[PDB]
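Reading through the structure tokens given below for one structure.
As a convention, Cβ positions derive from the backbone with ideal geometry for all residues, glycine included, and neighbour counts pool all protein chains shown. What follows is calculated from the coordinates using simple rules that are stated; it is not laboratory data.
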2 protein chains.
Amino acid sequence: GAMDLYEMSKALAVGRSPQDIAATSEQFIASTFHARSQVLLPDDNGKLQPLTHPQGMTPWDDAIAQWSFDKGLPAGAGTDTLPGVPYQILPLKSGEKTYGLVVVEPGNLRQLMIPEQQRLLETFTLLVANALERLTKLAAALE
Amino acid sequence: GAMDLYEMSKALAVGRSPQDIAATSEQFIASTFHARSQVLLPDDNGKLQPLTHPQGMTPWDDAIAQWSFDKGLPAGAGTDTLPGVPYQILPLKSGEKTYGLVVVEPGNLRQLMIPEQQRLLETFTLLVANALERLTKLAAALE
């Protein structure tokens, strides 16, 4: 919806932890894009977590997810890497830096892949990435 | 244009100072929205700077600008506060917090006020606000 990006931005602004940001992002991406989703974040070593998909999502390839994060490039539907899977693997990027990934599995892939929806989803991932960037850089500043 | 938000996000991601963010925001808002613009930022006391408009912009009311920043509410065209002026005064907000303002004076006010353009401009101000929030909170973390 028209107001969803603004409402998510309000919820992201008060997030205090990566898990807060992940939960908020999943709630809003699920509602706005009629999809199940999972945010994946790097650990100390740069390896994405969690490695276990949630009930209701089809399992994705962990190593292709890692590839998407490492390269800052999408995979899954709409790309030339795993073009046939029923989900998208999207980097959460601010500038050239990738702070995480979101796996998005819609109820209706033809609906999610409408170009206008793809452009809206890109704006969502940019706002999520900005929130992750803020928390990561602040924690580093202080710890 | 379709790619302008993404291109501005890349430029905002590498900004190192509020002045960097202000210059980038003015460049992209000017180009995308066919407008002159000025970003105003609070000083130590919460008073907006600069107090001097640039050549090519019509002077705005400094106290109404301060009102917009203090209340986190827009003024100027499209609002019930100074509805008749040929510019908009827009808070740069992330969540409930306002980090600055942008004054936008278009070459063609009827074009800027097209609702689709207004919705795009709101997304721009959200990305600018996120950049200002990141720099402000990081500087505080370190200084």
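Brief remarks on what is shown
- Residue in region A:101-111 that is under 21 Å from B:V14 (Cα atoms) and surrounded by fewer than 23 Cβ atoms within 10 Å (Cβ to Cβ) present: no
- Any hit, region B:103-114, residues being over 29 Å from A:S94 (Cα atoms), touching a strand residue (DSSP E or B) at 6+ places or on another chain (Cβ under 7 Å), away from chain A (no Cβ under 14 Å) and not polar (S, T, N, Q): yes
- Residue, nearest to the other protein chains (Cβ to nearest Cβ), within region A:126-143, restricted to residues that are hydrophobic (A, V, I, L, M, F, W, C) and within 19 Å of the chain's Cα centre (by Cα): A:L126
- Every residue from region B:1-40 that is over 19 Å from B:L51 (Cβ atoms), among the small types (G, A, S) and in contact with a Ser or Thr (Cβ under 9 Å, 6 or more places away or on another chain): B:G1, B:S9, B:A11, B:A13, B:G15, B:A30
- No other residue among B:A77, B:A129 is farther than 24 Å from A:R119 by Cβ and hydrophobic (A, V, I, L, M, F, W, C) apart from B:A77.
- Among residues of region B:78-94, those that are under 14 Å from the mean Cα position of the chain (by Cα) and under 26 Å from A:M8 (Cα atoms), counted: 7
- Region B:27-52, subset within 13 Å of B:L101 (Cα to Cα) and of a type in the set (G, A, S), residue nearest to the chain's Cα centre (by Cα): B:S37
- Flag for B:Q55 being more than 13 Å from the chain's Cα centre (by Cα), farther than 30 Å from A:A141 by Cβ and not in a loop (DSSP other than H, G, I, E, B): no
Listed here are the residues, each with its yes/no results for (1) acidic (D, E); (2) surrounded by fewer than 19 Cβ atoms within 10 Å (Cβ to Cβ).
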{"position": "B:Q55", "(1), (2)": "no, yes"}
{"position": "B:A65", "(1), (2)": "no, no"}
{"position": "B:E96", "(1), (2)": "yes, yes"}
{"position": "B:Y99", "(1), (2)": "no, no"}
{"position": "B:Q117", "(1), (2)": "no, yes"}
{"position": "B:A139", "(1), (2)": "no, yes"}
{"position": "B:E143", "(1), (2)": "yes, yes"}
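- Residue satisfying all of: in region B:14-26; hydrophobic (A, V, I, L, M, F, W, C) and touching a residue at least 12 places away in the same chain (Cβ under 8 Å); farthest from the other protein chains (Cβ to nearest Cβ) among these: B:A22
- Set A:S31, A:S37: member being more than 14 Å from every other protein chain (Cβ to nearest Cβ), of a type in the set (S, T, N, Q) and part of a helix (DSSP H, G or I): A:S31
Conditions (1) in contact with a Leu (Cβ under 7 Å, 6 or more places away or on another chain); (2) aliphatic (A, V, I, L, M); (3) touching a residue at least 60 places away in the same chain (Cβ under 8 Å), marked per residue:
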residue: A:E7; (1), (2), (3): no, no, no
residue: A:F28; (1), (2), (3): no, no, yes
residue: A:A35; (1), (2), (3): yes, yes, yes
residue: A:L40; (1), (2), (3): yes, yes, yes
residue: A:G46; (1), (2), (3): no, no, no
residue: A:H53; (1), (2), (3): no, no, no
residue: A:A63; (1), (2), (3): no, yes, no
residue: A:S68; (1), (2), (3): yes, no, no
